[PDB]
Amino acid sequence: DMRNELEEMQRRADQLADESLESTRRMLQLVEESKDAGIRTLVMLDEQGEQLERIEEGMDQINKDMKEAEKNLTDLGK
Amino acid sequence: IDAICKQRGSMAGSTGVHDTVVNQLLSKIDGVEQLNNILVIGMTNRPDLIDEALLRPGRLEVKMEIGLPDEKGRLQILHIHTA
């Protein structure tokens, strides 16, 4: 009558982490810095676009003025 | 202490967590590194269940038995509790 039976106990392997808290924090800090740099680039790019738009009008005005002056001088000369 | 420390083996489980604990305790109390600024006191009701290894020279090695008091002890206890 040496017929034995058993029961079982369970253990849980550690969840997936303990490497997600050293590279993670550095990743977040770098992401924040990149976000700030992107915001600054946004602002600078908008300012540059405004300045180019401003330049356009003066360019067109000088072109028109020179063309009209040349035509007038030619007309009077002949 | 008998809850944690029991004879190696003599347990029916696959995890085997009752042996690593004892081995770690034995290594820390008496290991390669010499730590000599600690004293450990362990009290129990069933000295037999304790693993034999822990009871030897070097490890523990001083053991006291607290028995039932005598007439003088009974008188002192009654005086203490009736003061």
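Values in this text are rule-based calculations from the coordinates and carry no lab data. Note that each Cβ is placed from the backbone with ideal geometry, even for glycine, and that neighbours are counted across all protein chains shown.
Residue-wise test of (1) surrounded by 14 or more Cβ atoms within 10 Å (Cβ to Cβ); (2) touching a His at 6+ places or on another chain (Cβ under 7 Å).
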{"residue": "B:2", "(1), (2)": "yes, no"}
{"residue": "B:6", "(1), (2)": "yes, yes"}
{"residue": "B:15", "(1), (2)": "no, no"}
{"residue": "B:33", "(1), (2)": "no, no"}
{"residue": "B:38", "(1), (2)": "no, no"}
{"residue": "B:42", "(1), (2)": "no, no"}
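For the stretch A:12-23, state whether one or more residues are surrounded by 10 or more Cβ atoms within 10 Å (Cβ to Cβ) and among the charged types (D, E, K, R).
No, the conditions are met nowhere in the stretch A:12-23.
Being out of contact with any helix residue (DSSP H, G or I) (no Cβ under 7 Å at 6 or more places or on another chain) and either within 14 Å of chain A (Cβ to nearest Cβ) or under 30 Å from residue A:7 (Cα atoms) (or both), is that true of even one residue in the stretch B:34-44?
yes
Go through (1) part of a loop (DSSP other than H, G, I, E, B); (2) aliphatic (A, V, I, L, M); (3) surrounded by 10 or more Cβ atoms within 10 Å (Cβ to Cβ) and name the single condition residue A:6 misses.
The failed condition is (3).
Looking at A:49, A:58, can you tell me which residue is surrounded by 10 or more Cβ atoms within 10 Å (Cβ to Cβ), among the small types (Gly, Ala, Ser) and either within 14 Å of chain B (Cβ to nearest Cβ) or part of a helix (DSSP H, G or I) (or both)?
A:49 is the lone residue from the list that is surrounded by 10 or more Cβ atoms within 10 Å (Cβ to Cβ), among the small types (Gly, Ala, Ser) and either within 14 Å of chain B (Cβ to nearest Cβ) or part of a helix (DSSP H, G or I) (or both).
Do the conditions hold for residue B:28, that is, is it surrounded by 11 or more Cβ atoms within 10 Å (Cβ to Cβ), away from every other protein chain (no Cβ under 14 Å) and not in a loop (DSSP other than H, G, I, E, B)?
Against the criterion (surrounded by 11 or more Cβ atoms within 10 Å (Cβ to Cβ), away from every other protein chain (no Cβ under 14 Å) and not in a loop (DSSP other than H, G, I, E, B)), residue B:28 qualifies.
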